[PDB]
């Protein structure tokens, strides 16, 4: 129970939802065949990423996409982190990561908390909040190995989320997400290394594969980082399944060697969750 196999599906995403679902589910099955215990799909894995796409590809949960995820998690007896999909609920749209357990049960649903609203002149302008609404809950789930915490993409820029997850006992944080050709080289690896080292947790990112013709061009480079801040493995830009064997004994040893989680000064500061 000290080591488990994590698989990150760096899916090539097309404009045809059923195509994405077919290929996503077949890659999940392959990951399970190669011994993965936890599998993650990437952000917006079932449809193109963009504000004019979300309304038309959005589904209720349960719906077409989550029913397929549920079924494949059950048939493969794995924990399946469902990347994210656009979700409709009560006249609002969300960017939502659904997680299914080895019995097909929904364990948790994470609606992206911090929406992707940036403007880098001459590089990338995105206003996710013009169509989507933000989530208002912390999201974790339990496995036999450890507790896992969730964020989606831009959520990775907010240190407090990882701090709260670490407080709550999470030992792996998974962030389905797609950075771009500007934010990718600058920030993608740095941010996930920061989250890992500062909170002494494993961190994994699940990105779609790069499609240079898409309106939003994904960085790629799905990555796993250990509690020492070391990159354990890193994909390229192409479609692949990335595997890592997550060693929780190593985490325990790191937390003893440089014991920053036990050295916090609660008389001076605290990160409070509401």
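Positions refer to the first chain, counted from 1.
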Look up the CA B-factors in the entry and say which stretch, 108-116 or 123-131, has the higher mean. 123-131
Decide which of the stretches 60-68 and 40-48 has the higher mean C-alpha B-factor, going by the entry. 60-68
Pick out which of 149, 169, 185, 83 has the highest C-alpha B-factor in the PDB entry. 169
Among 160, 87, 136, 198 - the residue whose C-alpha B-factor is largest in the record: 136
So, residue 257's CA B-factor, relative to its chain, sits in which third? The middle
If you rank the chain by CA B-factor, which third does residue 10 end up in: lowest, middle or highest? lowest
Of the three thirds of the chain ranked by Cα temperature factor, residue 233 occupies the highest
Chain thirds by Cα B factor, record data; residue 240 belongs to the middle
Residue 141, C-alpha B-factor rank within chain (lowest, middle or highest third): middle
